[PDB]
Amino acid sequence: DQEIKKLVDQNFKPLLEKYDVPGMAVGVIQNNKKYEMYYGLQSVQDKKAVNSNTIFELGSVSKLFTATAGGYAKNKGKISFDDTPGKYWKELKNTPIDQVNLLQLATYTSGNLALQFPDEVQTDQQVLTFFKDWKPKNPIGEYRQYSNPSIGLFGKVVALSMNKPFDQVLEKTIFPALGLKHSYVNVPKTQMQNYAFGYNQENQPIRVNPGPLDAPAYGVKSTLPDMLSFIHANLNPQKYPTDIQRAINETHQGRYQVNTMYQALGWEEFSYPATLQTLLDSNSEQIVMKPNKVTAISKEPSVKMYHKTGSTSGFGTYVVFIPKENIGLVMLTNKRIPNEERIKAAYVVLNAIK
């Protein structure tokens, strides 16, 4: 038990000197006990320490909240995953994108959506026009290409289905249901002093810029204690209201496989125990940047683990949990470090406990 601080100090702390990272928060949850380790500074210029109030940008870990919101809407009957976006976004009815179902948008298999929108797309009108003018390339449902606009559109449709803007879906419904007290799409005036600076590869202070459908794709900010509560909810959904319990369980169901990686809703899913290289290969150039033909799930793993990475220009995130061991880990940094280093450090810590 005294083990956990020592393991995090051994495996995470050296990454600060190695990549010149100003600040880091590492959390472990084991048998419903939380451990919070804080290193360095939230702000270099203000000499302000990382602490339990420090707000970090989650980047792509935001996609897990979008997935949870989708699972909540589905199990309340507001949407079906067999529906197409035109059923909710009326101006997309009978357009080519209206042949793609909500699951295919959520799990990046439209067959023609890249990582980013084109830089030129900024306004609400430019976003609509982009989806109106969309045409298929690969057969729909057959090719995974990891995509912000794909899950972004899924998020916008989930919001329309609940008759609230996406920011209010998370801040008024999903975050309260999960018992999160300091998680935001928009950080309010009263919390700006707790919002860390991110640092770019020149160690210049930076925060995420507004972008098209940013909120559902990479737009959430949170604290270490909130993210440990979120991992707690994913490990122990029974303790939570029926609505959010079903939502969470919906995010754990694998939909297809790309070799050893199973794509669930937001979460990446693996057979446990997974080899280090299985976890590293999940975020290789091949999987993250290029199209990959999917297979149906053949081996449905009895014992599963889940992870997700997140990056903004100034922040790095990693979350992993293993239901069978009742254990999980959160890493938040205010400078990006390679995905490899995040996954490897978490692997050694979680394999040395129990």
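From 1 onward, residues are counted along the sequence shown.
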| item | value |
| --- | --- |
| Which of 101-109 and 126-134 has higher mean CA B factor, as the PDB entry lists it | 126-134 |
| Mean C-alpha B-factor comparison - 266-274 and 73-81, higher one | 73-81 |
| Maximum C-alpha temperature factor, selected from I140, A247, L279, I151 | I140 |
| Residue of maximum C-alpha B factor among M289, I322, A49, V319, per deposited coordinates | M289 |
| Ranked against its chain, the third holding the CA B-factor of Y218 | lowest |
| Third assignment of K299 from its chain's C-alpha B-factors | middle |
| Assigned third (lowest, middle, highest) for the C-alpha B factor of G155 | middle |
| Relative C-alpha B-factor of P225, binned into the chain's lowest, middle or highest third | lowest |
| Third of chain Cα B-factors occupied by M192 | highest |
